[PDB]
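Enquirer: Sharing an experimental structure here, sequence included.
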Amino acid sequence: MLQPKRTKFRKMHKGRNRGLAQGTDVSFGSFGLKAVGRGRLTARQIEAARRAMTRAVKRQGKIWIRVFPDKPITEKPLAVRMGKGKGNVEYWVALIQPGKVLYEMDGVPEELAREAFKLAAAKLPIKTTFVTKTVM
Amino acid sequence: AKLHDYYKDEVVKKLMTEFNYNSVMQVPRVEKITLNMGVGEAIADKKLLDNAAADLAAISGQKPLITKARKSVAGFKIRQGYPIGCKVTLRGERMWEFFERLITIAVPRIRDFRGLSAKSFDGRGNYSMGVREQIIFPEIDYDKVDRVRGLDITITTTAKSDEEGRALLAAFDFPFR
Amino acid sequence: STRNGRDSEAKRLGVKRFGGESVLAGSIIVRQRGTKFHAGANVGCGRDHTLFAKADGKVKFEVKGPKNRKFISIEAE
Amino acid sequence: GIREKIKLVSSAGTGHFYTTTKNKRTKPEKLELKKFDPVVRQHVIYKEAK
Amino acid sequence: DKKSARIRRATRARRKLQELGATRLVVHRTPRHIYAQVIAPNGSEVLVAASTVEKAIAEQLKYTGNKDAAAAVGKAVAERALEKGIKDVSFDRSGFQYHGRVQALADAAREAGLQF
Amino acid sequence: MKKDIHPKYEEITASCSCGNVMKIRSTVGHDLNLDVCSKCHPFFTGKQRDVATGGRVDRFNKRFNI
RNA sequence: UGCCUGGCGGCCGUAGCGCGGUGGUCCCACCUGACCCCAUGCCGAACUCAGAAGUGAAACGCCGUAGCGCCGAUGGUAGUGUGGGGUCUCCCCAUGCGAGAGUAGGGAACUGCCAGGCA
RNA sequence: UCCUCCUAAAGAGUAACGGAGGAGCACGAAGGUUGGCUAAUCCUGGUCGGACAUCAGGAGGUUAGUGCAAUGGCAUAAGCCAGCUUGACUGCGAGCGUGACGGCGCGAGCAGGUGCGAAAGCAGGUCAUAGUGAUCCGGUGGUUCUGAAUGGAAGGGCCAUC
RNA sequence: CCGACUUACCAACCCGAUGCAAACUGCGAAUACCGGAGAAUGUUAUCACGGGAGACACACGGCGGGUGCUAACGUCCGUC
Ligand SMILES: [Mg+2]
Ligand SMILES: [Mg+2]
Ligand SMILES: [Mg+2]
Ligand SMILES: [Mg+2]
Ligand SMILES: [Mg+2]
Ligand SMILES: [Mg+2]
Ligand SMILES: [Mg+2]
Ligand SMILES: [Mg+2]
Ligand SMILES: [Mg+2]
Ligand SMILES: [Mg+2]
Ligand SMILES: [Mg+2]
Ligand SMILES: [Mg+2]
Ligand SMILES: [Mg+2]
């Protein structure tokens, strides 16, 4: 489960989520799974979609995860009234904007890559798409 | 002393022909000698550093400069300002007077002398040498002294390379291998 | 949870008389903490680095200096 | 804290004193500073007192 | 560097004399010569200059670049600037310790009518 | 020099048993007599005379008197 | 008027670092000596005094070279004031302002006041 | 109760039982001035010596340092040494800043007497921002200002201070 | 002893590529704010002093946010 070690501060503002993403092209591999939606995507869904990918190919190629949560999310306990401090951090999410390339892998035929990414796209809340490398 | 004009009359001509120098004073020359010994254990007791200082002043006729810790390090339990060791630098005449009597009596008195290594240059043309024994100099009578603290000889020449630095020291009959 | 809830009164810093303003003598030009604006021609410097006028005139901000530091001066216009 | 209050009473004979603080644990001896006495309008010595 | 360390050693006094808006008498010293010149409060243009390299001064001097030479140039600077109406200047060390030829350069200029 | 904070530094006559009479400036207070100096120190000819420790086969062969 | 050099500024990397070449009549720099004027928490190494033998090696100045540093458009993108709109935890339309990064490229400064030497 | 940063939407200000840390001091030098100096961390070479002491060269550049938390600052150093010293002084103060007020803060310059420096000059505490509480009541010292018929005095007032 | 040979290990500093930050900044808007000048317009709309008050329980909506679950006709701020 991806999670930063030795963070500067325990709790972090909610903030907002606007604009398009920066890493919008495949730079390490040749096939990439690119988001089209928006929303925080926790560290539990990152691992659940990685397992569904290293199992579809199961022997070949390298896999790059181009996202990292580094955003603490705090949840208030149950039967607790509002106020009296901030909640205790529970999980970590990686804020995703459209265009962000989440996963990408090289070393497998395109047909196997296309189907493997489909098995991971069913474990992520956001609407993803398949993208291939270009030249620029 | 005599080594100075020996350098002027012989070493300059020896090195001018060897290295094909165009100007007279482009040949390297030694500019200072630095003598020290960090007693280190003077952290516990003060009278050792005063004893080491008396030794350095006897070896070279100058009062040593006591040096203090540059930064506090917990490895040896020292802190800023703690006197750790002495230091003496010799220039001009007193440099040659100590230098002449280093190469002629002190080094030959080394117990089981085998030769000073010629690969001790710091990569620019300066020579550094330990002695491990402060009794080889005649200014120690073996009876006043108690410890076997060693010195640290440094030959600071204006040579641009150790290849030239080796030649300059060799021209002074330095006991290399 | 709790162990927080402390702060201090705001010190009301910042530039008081901006560039092009006609000031009197001794009028405070900028209250600062470090030395963000350096004293130039005809302005002084307090013990808390407050910059004050020394002759009546028009304020001027300039970036003279080898290190490109902001300077404040006064033109006796 | 450990720093207590003293007064430097003038030596010009007039009654004038500058009041300051001084740590006694490190230094138990008196204080001697040449200061200004407005009563006589001269710089005179101020020995510590109280 | 031996000159750069001196330049930053004389910056504080040199910038205060400009903020003060006062005429200054900068003094440059060389192992073989000594120079002096009176620079306007602007700092960019000079009013009066006299130095040992001047042939009108060096020919009467046994060896330019000693205390007796620094006394002669100081007199020259003061008399040259006396007919120009400059009387109130401020001495500038330029980083040299006010101890040797610069002291004689100032002292002879001070005695020759200049007030600083 | 800083005017009498240093030990006395004078000229002495240092000589060897094999000559090597070389005048030097030092701080001892009295002339000193020592061994062969760098001129006559056997650091350049006794090398074979220095590495000679050992010898067992020939020593036994001496004892082979039969 | 021209060239070389020193002092004081303006200006602040298009102005600095690196690599190579070059300069000693004057200037500058290293340099000789140290009782003295002064100094080293030891050392004339630095500071300082007394001079001129040697040198342009080091430093400094000048010239050349883009390997870095640095400056950097046009077009587009993000953002955003006002007025409207949507399937309104985010966007779109009309209009005004319009980056940052990157690309093409520019680029090893320019200049003012005195004082020497030469032609 | 006070100090530093964020929330605070590029002037000032701005809330929550919002997110993070500090103070109730210290210094007669750790203040003033004059003179001088520049770090961390690395490489190489070097007796004990070692990943790491002290030393000699080179790279680097302030990534060090600041009595004390954080921010802003600092090479002309506000950082680091030494000499002499008490401006950590008295009466004032043009003109501003910030508070509903009580108040708090900055301040050129004038008068009298000092300190450092050759001099120009700098000095009315400390790199700046925390280190603190009004009035009443009473204590100590100075000062004819008053002194319930008059001369004194007790007691008040003013100045310094607890 | 010198470490003499090995490892299927991990691995700091630097080099190239890729992201994140309210308490990061070698860059940096739009608006807002302060000052000056100018025409038009506005039954002085501005400031000072003085007589009289009320009020100090706010609510929703848009935009920028803290908290909450980017839940609440929830709660606390800025601006309209
Ligand atoms: Mg603000
Ligand atoms: Mg605002
Ligand atoms: Mg409000
Ligand atoms: Mg201090
Ligand atoms: Mg100073
Ligand atoms: Mg100070
Ligand atoms: Mg402080
Ligand atoms: Mg009476
Ligand atoms: Mg009374
Ligand atoms: Mg109320
Ligand atoms: Mg209310
Ligand atoms: Mg409200
Ligand atoms: Mg409500």
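Expert: Looks like it came in fine. Numbers count the residues shown, from 1 in each chain, chains lettered A, B, ... in the order given. Ligands and ions are numbered 1, 2, ... in the order given.
Enquirer: all helices for chain B, in order.
Expert: B:2-6, B:12-19, B:47-59, B:93-101, B:162-170 (DSSP state H).
Enquirer: cool, chain A as well?
Expert: Under DSSP H, chain A gives helices at A:43-54, A:110-120.
Enquirer: Any figure for the gap between the one residue sitting closest to the centre of chain B and residue C:18?
Expert: When Cα atoms, centre = their mean is applied to chain B, the residue found nearest the centroid is residue B:153 (2.3 Å). Separation of residue B:153 from residue C:18 (Cβ to Cβ, to the nearest Å): 67 Å. Where C-beta positions appear, they are placed from N, C-alpha and C, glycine not excepted.
Enquirer: Where does chain A get nearest to chain B, which residue?
Expert: residue A:6 (23.0 Å; Cβ to the nearest Cβ).
Enquirer: ok, that residue - how many residues close by?
Expert: When neighbours are counted by other Cβ atoms under 10 Å in any protein chain shown, residue A:6 registers 4.
Enquirer: what does residue F:9 give?
Expert: 14.
Enquirer: For chain E, identify the residue most remote from the centre.
Expert: Quick read of chain E (Cα atoms, centre = their mean): farthest out is residue E:1, 23.3 Å.
Enquirer: near RNA strand H, which residues of chain C show up?
Expert: Counting by Cβ under 7 Å from any atom of the strand, chain C comes close to RNA strand H at C:1-16, C:24-28, C:31-36, C:38, C:44, C:46-50, C:52, C:54, C:65-67, C:69.
Enquirer: Tell me which of these fall in strands.
Expert: Counted as lying in strands by DSSP state E, out of those, are C:14-15, C:28, C:31, C:38, C:52.
Enquirer: quick check: longest helix of chain E.
Expert: Max-length helix for chain E by DSSP H is helix E:67-82.
Enquirer: quick one: contacts of that helix?
Expert: Helix E:67-82 is contacted from outside by E:25, E:34-38, E:47-52, E:54, E:57, E:60-63, E:89, E:100-102, E:104-114, using Cβ atoms under 8 Å, 6 or more residues apart in numbering or on different chains.
Enquirer: hmm, 7 Å instead?
Expert: Residues outside helix E:67-82 that contact it (Cβ atoms under 7 Å, 6 or more residues apart in numbering or on different chains) are E:34, E:36, E:38, E:47-48, E:50-52, E:57, E:61, E:100-101, E:104-106, E:108-109, E:112-114.
Enquirer: just stretch B:161-176 next, same as before
Expert: B:11, B:14-15, B:18-19, B:28, B:103, B:107, B:115-116, B:118, B:121, B:123-127, B:155, B:157, B:159, F:43.
Enquirer: what's the answer for stretch A:3-17, then?
Expert: A:38, A:43, A:69-72, A:74, A:86, A:89, A:92, A:95, A:97.
Enquirer: Could you tell me how many residues sit around residue 17?
Expert: In the absence of a named chain, chain A is used. 11.
Enquirer: Actually, chain D is the one I wanted.
Expert: Residues lying near residue D:17 (other Cβ under 10 Å) number 16.
Enquirer: Now do the contacts for it.
Expert: So residue D:17 contacts D:7-10 (Cβ under 7 Å, 6+ apart).
Enquirer: That one - nearest residue in space that isn't next to it in sequence?
Expert: Once flanking residues are discounted, residue D:17 sits nearest to residue D:7: 4.2 Å by Cβ to Cβ, 6 or more residues apart in numbering or on different chains.
Enquirer: residues in contact with that neighbour?
Expert: By Cβ under 7 Å, 6+ apart, the neighbours of residue D:7 are D:17, D:19, D:49-50.
Enquirer: So which of those residues sit within strands?
Expert: Counted as lying in strands by DSSP E, out of those, are D:17, D:19, D:49.
Enquirer: Show me which of those is closest to chain B.
Expert: Nearest member of the ones in strands among the contacts of residue D:7 to chain B, counting by Cβ to the nearest Cβ, is residue D:19, at 35.7 Å.
Enquirer: hmm, which of the ones in strands among the residues of chain C next to RNA strand H are the buried ones?
Expert: C:15, C:31, C:38, C:52 (16 or more other Cβ atoms under 10 Å in any protein chain shown).
Enquirer: Relative to chain F, which of those is nearest.
Expert: Looking across those and measuring by Cβ to the nearest Cβ, the closest to chain F is residue C:38, at 43.4 Å.
Enquirer: pretty sure that closest one is touching residue C:71, no?
Expert: Yes. Under the criterion of Cβ atoms under 7 Å, residue C:38 makes contact with residue C:71 at 5.0 Å.
Enquirer: Identify the residues contacting the residue nearest to residue A:20 when sequence neighbours are not counted.
Expert: Nearest non-adjacent residue to residue A:20, counting by Cβ to Cβ, 6+ apart: residue A:99, 5.0 Å away. Contact analysis of residue A:99 by Cβ under 7 Å, 6+ apart lists A:20-21, A:24, A:34-35.
Enquirer: which of the residues you listed come close to RNA strand I?
Expert: Within those, those near RNA strand I by Cβ under 7 Å from any atom of the strand are residue A:21.
Enquirer: CSV please, covering the helices of chain A and showing mean neighbour count.
Expert: Converted to CSV, these look like this (neighbours: other Cβ atoms under 10 Å in any protein chain shown):
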stretch, mean neighbour count
helix A:43-54, 17
helix A:110-120, 17
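Enquirer: With residue F:31 as the reference, name the closest of those helices.
Expert: Nearest of those to residue F:31, taken as Cβ to Cβ: helix A:43-54 at 86.5 Å.
Enquirer: what helices or strands is the closest one leaning on?
Expert: strand A:62-65, strand A:88-96, helix A:110-120 (3 or more Cβ pairs under 7 Å, 6 or more residues apart in numbering or on different chains; DSSP states H and E).
Enquirer: So for RNA strand H, which of these sits nearest?
Expert: Among these, the nearest to RNA strand H by Cβ to the nearest atom of the strand is strand A:88-96 (8.7 Å).
Enquirer: which helices and strands sit right next to the closest one?
Expert: strand A:39-42, helix A:43-54, strand A:72-75.
Enquirer: And the contacts of the first one?
Expert: Counting contacts by Cβ under 7 Å, 6+ apart, the residues outside strand A:39-42 that touch it are A:91-96, A:124-126.
Enquirer: Kindly give a single PyMOL line that selects the buried subset of these.
Expert: Here is the PyMOL selection string for the buried members of the contacts of strand A:39-42, based on 16+ other Cβ under 10 Å:
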select buried, chain A and resi 91+92+93+94+95+96+124+126
